[PDB]
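In the authors' numbering, the protein residues as written are 44 to 180.
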RNA sequence: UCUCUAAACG
């Protein structure tokens with residue numbers, strides 16, 4: 044198999060406030076045409092860019108938030124709904140609680156990234172900056 | 001509550 048591709052396919056949100064990207068009910072799984080109905084299960088996590096030591100640049104900005112598919116991204120070895128700090132788990136009725144082998148080992152670096160967007164274009168948390176809801180007034 | 005990475009003004 045190819046190695047674990049570890050990064051998010053999608054656009055990442057940036058913090059304005061201080062409270063974590065905590066959804067109601069487990070409802071917050073994004074849309075992506077190049078994915079099946081079984082695929083639609085995943086988690087949100089933080090990216091403080093705050094360095095434990097070595098191999099990264101302090102930049103002082105607010106933090107970011109990334110999504111991953113189930114059994115993919117940095118927490119790829121957790122099952123669904125696991126009890127770890129700064130992970131927010133999300134699922135659809137229609138998804139399967141299996142890890143995503145192809146989606147978790149293939150190469151995102153091949154193109155542009157996928158716009159993070161909810162079903163119906165449901166407006167993401169006011170605490171955060173997304174690619175939608177641009178321009179005024 | 002909680003440290004994680006490629007610049008932000010939904």
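For every residue, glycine included, the Cβ atom is placed at its ideal position computed from N, Cα and C.
Chain-order list of residues whose beta-carbon lies under 6 Å from that of residue 56 (same chain, five-residue window excluded): Residue mapping note: residue 56 aligns to position 13 of the first chain, counting from 1. Around residue 56: 108, 171 and 173.
Within the continuous beta strand (DSSP E) that includes residue 131, where are the two ends? In the first chain, residue 131 corresponds to position 88, counting from 1. Where residue 131 is concerned, the enclosing beta strand (DSSP E) stretches over 131-134.
Per-residue DSSP class, three states only, for residue 50: The sequence position of residue 50 within the first chain is 7, counting from 1. Residue state, collapsed to three classes: coil.
What runs of the beta strand (DSSP E), each 3 residues or longer, lie entirely inside the region 65-117? 84-90 and 107-112
With a 10 Å radius around its C-beta and 16 neighbouring C-beta atoms as the bar for buried, classify residue 182 as buried or exposed. The displayed coordinates of the chain run from 44 to 180. Any statement about residue 182 would go beyond what the structure contains.
Backbone CA spacing between residue 92 and residue 63 [nearest angstrom]: Locating residue 92 in the first chain gives position 49, counting from the first residue. Locating residue 63 in the first chain gives position 20, counting from the first residue. In a straight line, the C-alpha of residue 92 is about 15 Å away from that of residue 63.
With the cut-off set at 8 Å, would you say residue 82 and residue 157 are in Cβ contact? As a first step, residue 82 must be located in the first chain, where it is residue number 39. As a first step, residue 157 must be located in the first chain, where it is residue number 114. No, they are not a contact pair.
Let me know the secondary structure DSSP gives residue 148 once reduced to three states. As a first step, residue 148 is located in the first chain; it is residue number 105 there, counting from the start. Of the three classes helix, strand and coil, the one that applies to residue 148 here is helix, per DSSP.
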